[PDB]
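Visitor: One structure, pasted below without further comment.
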Amino acid sequence: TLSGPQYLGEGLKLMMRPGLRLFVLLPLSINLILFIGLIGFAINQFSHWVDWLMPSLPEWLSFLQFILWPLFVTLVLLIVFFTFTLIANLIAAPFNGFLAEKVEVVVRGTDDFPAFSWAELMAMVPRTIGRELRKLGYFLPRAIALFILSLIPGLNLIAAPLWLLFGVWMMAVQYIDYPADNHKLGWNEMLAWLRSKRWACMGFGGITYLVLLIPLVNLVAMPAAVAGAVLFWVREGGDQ
Amino acid sequence: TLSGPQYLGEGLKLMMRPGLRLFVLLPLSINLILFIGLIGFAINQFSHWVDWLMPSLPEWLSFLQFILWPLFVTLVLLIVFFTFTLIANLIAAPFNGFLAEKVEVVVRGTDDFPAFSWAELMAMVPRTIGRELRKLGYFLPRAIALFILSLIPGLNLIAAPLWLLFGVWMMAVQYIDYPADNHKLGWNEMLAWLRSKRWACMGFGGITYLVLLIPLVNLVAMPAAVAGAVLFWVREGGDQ
Amino acid sequence: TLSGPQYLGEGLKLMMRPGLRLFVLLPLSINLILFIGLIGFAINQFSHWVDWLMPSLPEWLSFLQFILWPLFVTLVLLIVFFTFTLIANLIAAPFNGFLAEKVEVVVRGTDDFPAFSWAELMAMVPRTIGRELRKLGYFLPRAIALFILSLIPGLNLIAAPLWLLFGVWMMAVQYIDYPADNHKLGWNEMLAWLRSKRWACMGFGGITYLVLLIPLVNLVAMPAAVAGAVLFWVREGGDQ
Amino acid sequence: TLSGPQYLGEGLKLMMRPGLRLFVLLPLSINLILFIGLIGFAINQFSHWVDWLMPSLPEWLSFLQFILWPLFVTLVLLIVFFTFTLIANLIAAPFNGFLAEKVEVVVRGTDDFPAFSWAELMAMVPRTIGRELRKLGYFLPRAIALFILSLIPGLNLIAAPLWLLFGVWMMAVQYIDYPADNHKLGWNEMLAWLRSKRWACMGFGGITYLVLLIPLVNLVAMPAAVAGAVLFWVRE
Amino acid sequence: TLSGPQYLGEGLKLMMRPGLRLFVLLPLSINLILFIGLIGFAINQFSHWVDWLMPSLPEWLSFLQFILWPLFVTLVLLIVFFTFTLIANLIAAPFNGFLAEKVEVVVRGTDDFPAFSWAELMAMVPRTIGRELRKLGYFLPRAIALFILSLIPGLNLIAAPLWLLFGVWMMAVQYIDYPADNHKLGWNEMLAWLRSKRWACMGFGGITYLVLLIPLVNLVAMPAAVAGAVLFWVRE
Amino acid sequence: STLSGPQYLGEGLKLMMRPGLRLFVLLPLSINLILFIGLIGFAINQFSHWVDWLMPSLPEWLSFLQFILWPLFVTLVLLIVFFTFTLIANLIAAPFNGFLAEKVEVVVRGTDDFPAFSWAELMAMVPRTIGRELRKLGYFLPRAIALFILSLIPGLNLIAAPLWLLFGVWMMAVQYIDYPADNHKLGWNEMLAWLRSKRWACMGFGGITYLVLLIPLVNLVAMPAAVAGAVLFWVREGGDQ
Ligand SMILES: CCCCCCCCO[C@@H]1O[C@H](CO)[C@@H](O)[C@H](O)[C@H]1O
Ligand SMILES: CCCCCCCCO[C@@H]1O[C@H](CO)[C@@H](O)[C@H](O)[C@H]1O
Ligand SMILES: CCCCCCCCO[C@@H]1O[C@H](CO)[C@@H](O)[C@H](O)[C@H]1O
Ligand SMILES: CCCCCCCCO[C@@H]1O[C@H](CO)[C@@H](O)[C@H](O)[C@H]1O
Ligand SMILES: CCCCCCCCO[C@@H]1O[C@H](CO)[C@@H](O)[C@H](O)[C@H]1O
Ligand SMILES: CCCCCCCCO[C@@H]1O[C@H](CO)[C@@H](O)[C@H](O)[C@H]1O
Ligand SMILES: CCCCCCCCO[C@@H]1O[C@H](CO)[C@@H](O)[C@H](O)[C@H]1O
Ligand SMILES: CCCCCCCCO[C@@H]1O[C@H](CO)[C@@H](O)[C@H](O)[C@H]1O
Ligand SMILES: CCCCCCCCO[C@@H]1O[C@H](CO)[C@@H](O)[C@H](O)[C@H]1O
Ligand SMILES: CCCCCCCCO[C@@H]1O[C@H](CO)[C@@H](O)[C@H](O)[C@H]1O
Ligand SMILES: CCCCCCCCO[C@@H]1O[C@H](CO)[C@@H](O)[C@H](O)[C@H]1O
Ligand SMILES: CCCCCCCCO[C@@H]1O[C@H](CO)[C@@H](O)[C@H](O)[C@H]1O
Ligand SMILES: CCCCCCCCO[C@@H]1O[C@H](CO)[C@@H](O)[C@H](O)[C@H]1O
Ligand SMILES: CCCCCCCCO[C@@H]1O[C@H](CO)[C@@H](O)[C@H](O)[C@H]1O
Ligand SMILES: CCCCCCCCO[C@@H]1O[C@H](CO)[C@@H](O)[C@H](O)[C@H]1O
Ligand SMILES: CCCCCCCCO[C@@H]1O[C@H](CO)[C@@H](O)[C@H](O)[C@H]1O
Ligand SMILES: CCCCCCCCO[C@@H]1O[C@H](CO)[C@@H](O)[C@H](O)[C@H]1O
Ligand SMILES: CCCCCCCCO[C@@H]1O[C@H](CO)[C@@H](O)[C@H](O)[C@H]1O
Ligand SMILES: CCCCCCCCO[C@@H]1O[C@H](CO)[C@@H](O)[C@H](O)[C@H]1O
Ligand SMILES: CCCCCCCCO[C@@H]1O[C@H](CO)[C@@H](O)[C@H](O)[C@H]1O
């Protein structure tokens with residue numbers, strides 16, 4: 001009855017109520033620390049990194065340095081961004097998993113005020129980081145496939161839609177995974193599960209993608225998305 | 001003999017001969033009268049309608065009115081336009097049906113000079129208005145669907161071609177129905193009928209679409225699209 | 001002697017050195033709190049806002065509520081975004097201003113390690129906030145002008161360049177004022193004085209804007225722009 | 001007095017009152033007849049025209065006919081439009097002029113119910129047809145100029161604004177003329193009269209442009225623009 | 001182990017070795033002689049073609065010849081180019097096959113080098129020219145179709161990819177045909193063959209497409225494509 | 001005298017068509033042939049290597065970037081190869097154009113309707129005419145890079161497209177109308193002043209010359225036509241100093 005994007009909205013509701021409300025701070029804080037620590041580092045090495053990527057040129061081709069400069073400078077940033085993002089989700093991987101349990105007990109009425117402890121969090125770290133690596137393995141190859149498909153002057157027009165649709169579906173697997181993996185469910189079994197809910201989890205993943213495009217709101221958005229995903233897992237069925 | 005778009009042309013021929021020659025003036029004359037009557041009222045009401053759609057705003061945001069004015073003024077115009085066409089087509093519905101019948105008797109040779117009588121027209125009105133409503137009910141949801149699909153950044157590129165192709169298929173169903181409905185044929189039965197004749201009525205629909213973009217020529221073109229569709233019905237199966 | 005976009009570069013150096021590094025953490029924490037506070041506010045009021053703007057309609061026009069809904073949701077979003085920006089800048093105004101003085105004493109050689117104190121910061125707040133209000137009062141009119149010029153289908157092509165040319169100039173008056181305002185210097189007087197350094201401060205503002213197009217940069221760049229602007233005030237004319 | 005375009009708006013008020021707008025239905029009904037005639041004609045001869053325009057080609061180049069077919073067809077269509085747009089406006093020239101007088105007596109209070117008689121219309125025809133022909137002469141060179149400039153890849157960017165600004169300015173000279181021409185004023189004297197105040201005509205013609213973009217509303221926007229122009233002639 | 005676009009590279013290698021390096025010169029010589037004569041021809045007759053294709057208009061409509069001018073000029077140019085491109089490749093058709101055979105024997109170790117003889121080339125000419133005429137018969141209708149498809153306002157977006165995919169596929173059928181036609185390969189069986197090998201021959205055809213986008217490098221790239229197509233024929 | 005505008009290029013094509021000047025049309029093509037035939041092989045063998053030079057060395061983790069970085073440098077390299085080639089070819093065409101311009105002049109002035117080609121005087125021209133094309137490049141490439149950097153700015157590109165076009169036309173005037181002018185020991189600055197006084201005429205000439213040189217197979221006939229047309233522009237409009 002709740003199928004579609006409605007879950008996301010409801011997930012936000014689940015985050016606003018006390019005792020789950022303070023867990024919302026986790027992603028931002030991660031990205032905060034990771035930013036502040038890394039930013040300074042990046043600041044010092046930015047100049048050096050481009051100097052490594054740029055080839056040595058003779059005096060006659062030295063003019064190419066003017067055209068090649070903006071490139072690697074862009075590329076470095078593109079790397080520094082992606083690298084950071086890559087780490088952020090990794091450090092955010094356990095917390096989200098830990099959250100997906102704590103949301104669930106509230107969804108079913110078991111304990112409306114779940115408690116945070118580092119013990120069970122550190123105990124979750126390996127399966128949930130490894131699971132973040134499985135997600136990365138499922139995503140990144142297909143991403144490079146669609147992107148190289150888009151670099152072709154003829155074929156990009158079919159790549160833009162495939163890109164979008166895939167990114168939505170990935171919003172389904174990324175977040176609905178957290179309760180599925182917390183129920184020790186196989187990767188294949190969960191992807192088949194989402195394949196059976198493809199319309200529902202495509203709507204959920206879709207509005208999740210959209211609301212996750214808002215830059216500052218990303219950080220309040222993700223916890224809502226996790227909780228909404230847990231709700232998805234409870235309202236669709238955890239039989240597998 | 002004629003398969004493909006050729007029917008439209010032949011429809012023109014049929015409308016050129018005496019006795020069917022004046023009905024070409026029915027659509028044009030309708031849109032004249034309709035406009036002449038409505039324009040007046042519209043002029044007075046237009047100003048008010050936008051003020052209604054425009055939100056009531058506080059002092060600091062009042063500058064937004066300067067930017068919201070064009071949008072709402074645009075929107076109302078669009079609505080004011082569609083309504084017009086929507087009403088016009090409705091009023092054009094029976095006259096078309098009455099033509100598709102009267103063209104048919106000429107195509108099959110029963111009466112070389114059919115007469116116009118308001119009696120059987122008014123007798124037609126409720127059913128034919130009902131069918132134009134069934135057509136709008138078929139079209140408007142799929143149209144909206146395509147449009148929402150166009151506002152999606154990734155999927156818009158797949159939205160344009162689908163819009164064209166559907167608008168063509170719709171040109172088949174709008175006009176080939178007039179004789180089919182005159183023959184008391186089920187809606188789904190005609191849609192499957194045309195789905196088996198996909199190519200033929202997709203060609204007829206195609207040229208009918210193109211020619212009916214030409215702005216004022218529409219009102220002379222349409223009766224040709226009717227007669228042409230009656231020909232599509234006569235020269236191809238009347239079987240049910 | 002020392003000139004061009006290099007100021008920004010040099011300004012960055014001043015921020016990295018022992019004694020001036022932690023001041024960069026002042027705006028971020030603010031933007032954190034300001035975000036954390038406002039975002040929750042937005043979360044709760046969002047419905048009421050989009051419902052306020054939306055007009056009350058009769059039953060048959062109720063379908064319009066579907067087209068007006070995304071619109072207002074966007075509009076509200078934009079307000080929420082711009083309002084945030086507007087507030088953020090304002091709160092950033094004194095921390096910027098307070099910095100422009102503290103950078104200065106480091107540039108001159110009195111004290112290599114300045115200390116932060118809430119007393120004189122709070123003593124600065126009203127003057128500097130009123131200052132940046134003078135800035136918004138100088139900027140927002142010319143901005144609205146160029147924007148009404150760009151809405152005209154014909155003139156919009158000359159609006160894009162005219163936009164950029166002003167945006168670079170603005171970069172000068174925003175930052176270079178911070179030390180000047182600490183020296184009790186008049187608004188129109190500073191406008192006249194910088195009207196002479198137009199080229200230098202336009203290079204400063206040029207690299208300032210471009211370098212401000214990157215997201216990572218901004219959080220570390222505004223301090224670099226403030227320090228570089230202080231440096232610009234010291235090595236060139238402080239005369240009055 | 002009335003800043004920017006209010007004249008058009010005020011002009012529309014004038015047209016909506018009974019007595020000043022049955023006059024609107026006159027040229028429209030004619031252009032209807034014109035429309036019906038020209039369309040039927042083109043129906044009969046469209047094939048003759050495209051076969052005339054198409055060159056005779058060999059069997060190896062016969063497939064070229066397949067690319068030439070859409071072309072002349074387009075071309076014929078275009079001519080057919082412009083001819084009509086040209087003729088209709090031509091036929092519209094006197095009625096508008098005849099209206100511009102009949103508007104003025106209502107503006108100044110002379111006669112609240114103007115009388116329509118074919119006599120004084122036919123008497124206007126030569127002067128007002130000549131006058132609209134002068135307007136076509138002022139317009140077409142600068143229009144072709146901007147179109148050719150707009151074909152240029154680099155300079156096309158300067159052709160789009162110059163197009164709009166001209167298309168707006170022209171809306172002044174056509175309409176604000178109808179009263180001036182009724183006052184027996186020289187062409188050059190009127191262009192100096194309009195260039196005397198650029199902003200005013202620029203707003204009047206500006207909204208008149210935008211409002212003449214609305215598809216069926218043209219038919220009511222034009223009369224408004226005439227009377228507003230009459231109003232524009234009287235108040236200033 | 002060698003599948004994919006690598007064949008292109010390898011074909012290049014085969015053409016670098018002595019005795020096969022003389023085979024590179026002929027397509028260049030064809031484009032050269034043919035080009036020089038046909039271009040001198042083009043300059044004198046151009047005026048007659050554009051004047052021939054352009055229709056007779058009355059003197060009022062005379063101005064239309066100004067818009068039709070850039071068009072027909074363009075059109076003639078396109079014909080001029082296509083005709084050249086049409087003829088050019090025809091004359092290269094047998095030299096290709098005659099080359100293809102001489103490459104195959106090098107792949108299997110049969111021949112270190114063969115002295116060219118006009119005899120066997122002339123013996124090939126009618127069959128292989130009939131073969132490339134059949135290639136034109138497969139190609140040109142799909143192209144005109146895709147072009148009419150690109151004229152459609154909605155479907156033009158689906159025309160852009162459809163072109164490329166076919167342009168690549170054609171580059172498979174064009175070159176991999178030449179060894180096939182050396183073996184009297186029946187038309188249906190080769191098209192099915194390349195349809196069963198879609199990935200390999202489509203990558204081969206792909207790099208062939210792209211490297212053939214390079215203008216003067218076309219001339220050295222085509223022999224590499226022929227050699228690569230023979231290797232594609234032998235190893236799979 | 002009445003011949004002002006872009007008509008010069010047409011008339012120049014006419015001059016190249018009459019006997020005595022007709023085979024000089026083959027001077028550019030042959031050049032572009034030879035320069036290609038010599039270079040082509042070299043380039044191919046070393047193309048693979050050049051991209052590998054410009055491409056950065058990346059670790060195990062950043063190796064995937066090679067999939068996106070590869071096509072880039074390959075294009076970049078190609079571009080350079082093209083520009084450099086077109087650079088070099090134009091240099092070799094510099095004396096021939098000048099020589100042709102000189103020879104065209106005697107046909108235009110009715111002195112010798114069938115001028116003879118001799119390697120003596122062409123080789124005599126080489127140093128002057130090359131140096132003068134180096135000056136042409138010096139006038140062009142800085143201003144061109146300026147327009148390109150200006151087009152890189154997000155706000156100002158819209159003003160970079162027209163400026164680019166107009167400057168390209170103007171450079172057509174400078175390049176071709178210079179050829180007769182250099183033959184009469186005319187200074188660089190003073191010819192820029194003279195063309196600046198003929199800006200309407202030579203800007204039309206440079207306009208059609210530009211367009212005709214955009215068509216690839218046609219440009220081989222048009223380049224001589226542009227030289228001759230430029231000689232006629234020099235003859236019919238003051239060659240005075
Ligand atoms: C756009 C730049 C945003 C701030 C982060 C990178 C700033 C790098 O800045 C530079 O760092 C170099 C060492 O890496 C020093 O040599 C320079 O003096 C310093 O200006
Ligand atoms: C403000 C920054 C917004 C960028 C949002 C882009 C969303 C990309 O998508 C994400 O890429 C990540 C790796 O980078 C993976 O961890 C995720 O599984 C994948 O969904
Ligand atoms: C991660 C933050 C996600 C916010 C997703 C919000 C989805 C909101 O959903 C909207 O909220 C309103 C609630 O009153 C409803 O009236 C609307 O009909 C509903 O679409
Ligand atoms: C474009 C001109 C449209 C004409 C407006 C309507 C018909 C003439 O206008 C008015 O219409 C009224 C009813 O609306 C009639 O009662 C009046 O007799 C009338 O003059
Ligand atoms: C273009 C000039 C005006 C076109 C018609 C204006 C409509 C006039 O007004 C309309 O008709 C009656 C008066 O005529 C009024 O009483 C009606 O209330 C109004 O709807
Ligand atoms: C869809 C047709 C509407 C576009 C034409 C112009 C509408 C402008 O409507 C304005 O409303 C005013 C309010 O009374 C009236 O004085 C006039 O009707 C007019 O000035
Ligand atoms: C293109 C930029 C804005 C053009 C001017 C918009 C003026 C908006 O002003 C509007 O005028 C209307 C009456 O004329 C009123 O109904 C509105 O309430 C008022 O906001
Ligand atoms: C596209 C048209 C915009 C929708 C708004 C239509 C007007 C809705 O507003 C309506 O206006 C009427 C007349 O003023 C009033 O009688 C009604 O009380 C009011 O509901
Ligand atoms: C004042 C009444 C509201 C505005 C009327 C909009 C009527 C538009 O009507 C449409 O105009 C098209 C051209 O635009 C024609 O091609 C169509 O045949 C016609 O249905
Ligand atoms: C940019 C900030 C986006 C805010 C999206 C907020 C959507 C959630 O909204 C919140 O949840 C309720 C539903 O339970 C809504 O009715 C109210 O807006 C609010 O309480
Ligand atoms: C097609 C564009 C329609 C815009 C309609 C604007 C008319 C709004 O309404 C009118 O605005 C006038 C100002 O011109 C005022 O003088 C009138 O009192 C007012 O009724
Ligand atoms: C095809 C039908 C054409 C209709 C043309 C209507 C001509 C207008 O008719 C005029 O109307 C005036 C009041 O408006 C009266 O004052 C005039 O005496 C009358 O001639
Ligand atoms: C369908 C609604 C009425 C149809 C009749 C309109 C006849 C056209 O009318 C004419 O059209 C020309 C070009 O659009 C205009 O320039 C003329 O002023 C106009 O009189
Ligand atoms: C450029 C192709 C040929 C010209 C086509 C446009 C013909 C119609 O053009 C219009 O006719 C009116 C007559 O009054 C003029 O006043 C208008 O300004 C003019 O645009
Ligand atoms: C083959 C014949 C094609 C000629 C069709 C006549 C088109 C006249 O159509 C007119 O176009 C105008 C815009 O220019 C619209 O604003 C008018 O409402 C409409 O009447
Ligand atoms: C249609 C009349 C002009 C000829 C159009 C085709 C242009 C050239 O077409 C080419 O022909 C070559 C062989 O000639 C083939 O190798 C290519 O696959 C093909 O693209
Ligand atoms: C209306 C007829 C349209 C025919 C267009 C076909 C023109 C041939 O297009 C061909 O495509 C090849 C790659 O695909 C290129 O290598 C050739 O240069 C080329 O001329
Ligand atoms: C690179 C080698 C140059 C050969 C190309 C043409 C140069 C010679 O050109 C020829 O010179 C003859 C007399 O010498 C003239 O009579 C010919 O008309 C002329 O065409
Ligand atoms: C960004 C668009 C690039 C188009 C292709 C390269 C155009 C510039 O090309 C250059 O023009 C110069 C001036 O005459 C010549 O000196 C150079 O030889 C030539 O390479
Ligand atoms: C050494 C291999 C590099 C290849 C560079 C060749 C680029 C050739 O360039 C082409 O040459 C023709 C004249 O020669 C011109 O007609 C074309 O405009 C041009 O694109």
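Just remember, in the structure tokens the first chain shown is A, the second B, etc., residues are 1-based per chain, and ligands are 1-based in the order shown.
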What lies within 12 Å of residue C:36 using only C-alpha atoms, ignoring chain neighbours under 6 positions off, as a list in words?

Guide: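 The residues satisfying every condition are residues 22, 24, 25, 28, 29, 216, 217, 219 and 220 of chain A; 28, 29, 30, 42, 43 and 84 of chain C.
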
Visitor: Up to 12 Å from chain F, what residues of chain D turn up? Count only C-alpha atoms and give them as number ranges by chain.

Guide: D: 149-150, 152-159

Visitor: Return the Cα root-mean-square deviation, in Å, for chain B superposed on chain C by least squares with the Cα atoms paired in order.

Guide: 0.9 Å

Visitor: After a least-squares superposition of chain D onto chain E, with every Cα atom paired in order, give the RMSD to one decimal place.

Guide: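 C-alpha RMSD after optimal superposition stands at 1.0 Å.
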
Visitor: Write as an MDAnalysis selection string the residues around ligand 3, taking 8 Å as the cut-off and counting only C-alpha atoms and all ligand atoms.

Guide: (chainID A and resid 5:6 8:12 207:208 211:212 217:218 220:225) or (chainID C and resid 43 46:48)

Visitor: Take the residues that were just selected and, keeping N, CA, C and O atoms, output them as a tab-separated table (two decimals), in the first residue's frame.

Guide:
```
chain	number	residue	atom	x	y	z
A	5	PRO	N	7.69	6.13	-4.20
A	5	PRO	CA	8.57	7.09	-3.52
A	5	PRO	C	8.10	7.49	-2.12
A	5	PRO	O	8.90	8.07	-1.36
A	6	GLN	N	6.85	7.18	-1.74
A	6	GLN	CA	6.30	7.65	-0.46
A	6	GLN	C	7.20	7.26	0.72
A	6	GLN	O	7.33	8.02	1.69
A	8	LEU	N	10.39	7.37	1.10
A	8	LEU	CA	11.36	8.41	1.44
A	8	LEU	C	10.74	9.43	2.38
A	8	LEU	O	11.28	9.72	3.45
A	9	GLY	N	9.60	10.00	1.98
A	9	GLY	CA	8.96	10.97	2.85
A	9	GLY	C	8.79	10.43	4.25
A	9	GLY	O	9.21	11.04	5.23
A	10	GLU	N	8.20	9.24	4.33
A	10	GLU	CA	7.95	8.62	5.62
A	10	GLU	C	9.26	8.40	6.39
A	10	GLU	O	9.31	8.60	7.60
A	11	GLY	N	10.33	8.02	5.68
A	11	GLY	CA	11.62	7.89	6.33
A	11	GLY	C	12.05	9.17	7.02
A	11	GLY	O	12.57	9.13	8.13
A	12	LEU	N	11.83	10.31	6.37
A	12	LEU	CA	12.14	11.59	7.02
A	12	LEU	C	11.39	11.70	8.32
A	12	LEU	O	11.95	12.08	9.35
A	207	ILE	N	13.03	9.23	-6.33
A	207	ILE	CA	12.90	10.44	-5.52
A	207	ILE	C	14.08	10.59	-4.55
A	207	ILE	O	14.41	11.71	-4.13
A	208	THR	N	14.69	9.48	-4.12
A	208	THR	CA	15.89	9.52	-3.29
A	208	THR	C	17.05	10.19	-4.03
A	208	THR	O	17.78	11.01	-3.45
A	211	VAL	N	16.19	14.05	-4.40
A	211	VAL	CA	16.40	14.82	-3.16
A	211	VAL	C	17.86	14.81	-2.73
A	211	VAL	O	18.29	15.69	-1.97
A	212	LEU	N	18.61	13.78	-3.11
A	212	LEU	CA	20.05	13.72	-2.85
A	212	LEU	C	20.87	14.57	-3.80
A	212	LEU	O	22.09	14.66	-3.63
A	217	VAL	N	21.43	19.76	1.59
A	217	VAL	CA	20.39	18.90	2.12
A	217	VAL	C	20.74	17.42	2.00
A	217	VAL	O	20.08	16.60	2.65
A	218	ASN	N	21.73	17.06	1.18
A	218	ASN	CA	22.23	15.68	1.13
A	218	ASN	C	22.37	15.06	2.50
A	218	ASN	O	22.11	13.86	2.71
A	220	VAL	N	21.14	15.88	5.59
A	220	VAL	CA	19.90	15.49	6.27
A	220	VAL	C	19.14	14.45	5.46
A	220	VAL	O	18.34	13.70	6.03
A	221	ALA	N	19.43	14.35	4.16
A	221	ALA	CA	18.62	13.49	3.31
A	221	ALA	C	18.97	12.03	3.49
A	221	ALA	O	18.08	11.18	3.55
A	222	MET	N	20.26	11.71	3.57
A	222	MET	CA	20.67	10.31	3.63
A	222	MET	C	20.00	9.54	4.76
A	222	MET	O	19.39	8.50	4.49
A	223	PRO	N	20.05	10.00	6.02
A	223	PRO	CA	19.35	9.26	7.09
A	223	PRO	C	17.88	9.01	6.79
A	223	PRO	O	17.37	7.92	7.05
A	224	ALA	N	17.18	10.02	6.27
A	224	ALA	CA	15.81	9.78	5.84
A	224	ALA	C	15.77	8.64	4.83
A	224	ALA	O	14.89	7.77	4.89
A	225	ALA	N	16.73	8.60	3.91
A	225	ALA	CA	16.73	7.56	2.88
A	225	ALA	C	16.97	6.19	3.48
A	225	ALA	O	16.36	5.20	3.06
C	43	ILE	N	12.36	22.13	7.09
C	43	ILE	CA	11.71	20.82	7.05
C	43	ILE	C	10.28	20.93	7.54
C	43	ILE	O	9.35	20.38	6.94
C	46	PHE	N	7.94	23.53	5.29
C	46	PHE	CA	7.91	23.41	3.84
C	46	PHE	C	6.48	23.25	3.34
C	46	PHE	O	6.03	24.02	2.49
C	47	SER	N	5.73	22.28	3.88
C	47	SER	CA	4.35	22.10	3.43
C	47	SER	C	3.59	23.40	3.52
C	47	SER	O	3.07	23.92	2.53
C	48	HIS	N	3.57	23.98	4.72
C	48	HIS	CA	2.80	25.19	4.94
C	48	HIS	C	3.18	26.26	3.92
C	48	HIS	O	2.31	27.00	3.45
```

Visitor: Tell me as a PyMOL selection string which residues belonging to chain A come within 7 Å of chain B, counting only C-alpha atoms.

Guide: chain A and resi 157+160-161+164

Visitor: Can I get the selected residues back with C-alpha atoms, as a PDB file, in the first residue's frame?

Guide:
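Once everything was written out, this is selection_29.pdb:
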```pdb
ATOM      1  CA  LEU A 157      21.880   9.981 -26.679  1.00  0.00           C
ATOM      2  CA  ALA A 160      22.001   9.730 -20.798  1.00  0.00           C
ATOM      3  CA  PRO A 161      18.735   7.802 -20.072  1.00  0.00           C
ATOM      4  CA  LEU A 164      19.742   8.165 -15.123  1.00  0.00           C
TER       5      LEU A 164
END
```

Visitor: Contacts from chain A to chain F, 8 Å maximum, only C-alpha atoms: show me the residue list as an NGL selection string.

Guide: :A and (52-56 or 148)

Visitor: Return as a VMD selection string every polymer residue, whether protein, DNA or RNA, with at least one atom no more than 9 Å from an atom of ligand 14; count only C-alpha atoms and all ligand atoms.

Guide: (chain D and resid 78 to 79 81 to 90 92 to 93 132 to 133 135 to 136 138 to 140 143 to 144 147 167 170 to 171 173 to 174) or (chain E and resid 64)

Visitor: Mind the document's chain letters and residue numbers, and return as a PyMOL selection string the residues of stretch 89-205 of chain B that DSSP labels helix (DSSP H, G or I).

Guide: chain B and resi 89-107+118-151+156-182+187-196+198-205

Visitor: Counting only C-alpha atoms and all ligand atoms, which residues of chain B sit at most 9 Å from some atom of ligand 4, and what is each one's closest atom pair with its distance in Å to one decimal, listed by chain and rising residue number, as CSV?

Guide:
```
residue,atom,partner,partner_atom_place_in_ligand_line,distance
B:35,CA,ligand 4,1 (C),8.2
B:36,CA,ligand 4,3 (C),4.8
B:37,CA,ligand 4,6 (C),5.6
B:38,CA,ligand 4,6 (C),8.3
B:39,CA,ligand 4,3 (C),7.1
B:40,CA,ligand 4,5 (C),6.0
B:41,CA,ligand 4,14 (O),8.3
```

Visitor: Neighbouring residues of residue E:5 were defined as those with any atom within 10 Å, considering only C-alpha atoms; residues of the same chain fewer than 4 positions away were excluded. Please report them as a PyMOL selection string.

Guide: chain E and resi 9-10+200-208+228

Visitor: Put those residues in a file: C-alpha atoms, as a PDB file, in the first residue's frame.

Guide:
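Output file again_11.pdb is given in full below:
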```
ATOM      1  CA  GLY E   9      47.034  -1.981 -36.418  1.00  0.00           C
ATOM      2  CA  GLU E  10      48.145  -5.335 -37.761  1.00  0.00           C
ATOM      3  CA  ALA E 200      34.669  -8.577 -33.625  1.00  0.00           C
ATOM      4  CA  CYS E 201      33.714  -7.214 -37.058  1.00  0.00           C
ATOM      5  CA  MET E 202      31.938  -4.277 -35.359  1.00  0.00           C
ATOM      6  CA  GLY E 203      35.042  -3.327 -33.372  1.00  0.00           C
ATOM      7  CA  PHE E 204      37.158  -3.756 -36.508  1.00  0.00           C
ATOM      8  CA  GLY E 205      34.624  -1.698 -38.459  1.00  0.00           C
ATOM      9  CA  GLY E 206      34.610   0.791 -35.581  1.00  0.00           C
ATOM     10  CA  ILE E 207      38.309   1.624 -35.466  1.00  0.00           C
ATOM     11  CA  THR E 208      38.219   1.511 -39.285  1.00  0.00           C
ATOM     12  CA  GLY E 228      43.035  -6.381 -41.422  1.00  0.00           C
TER      13      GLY E 228
END
```
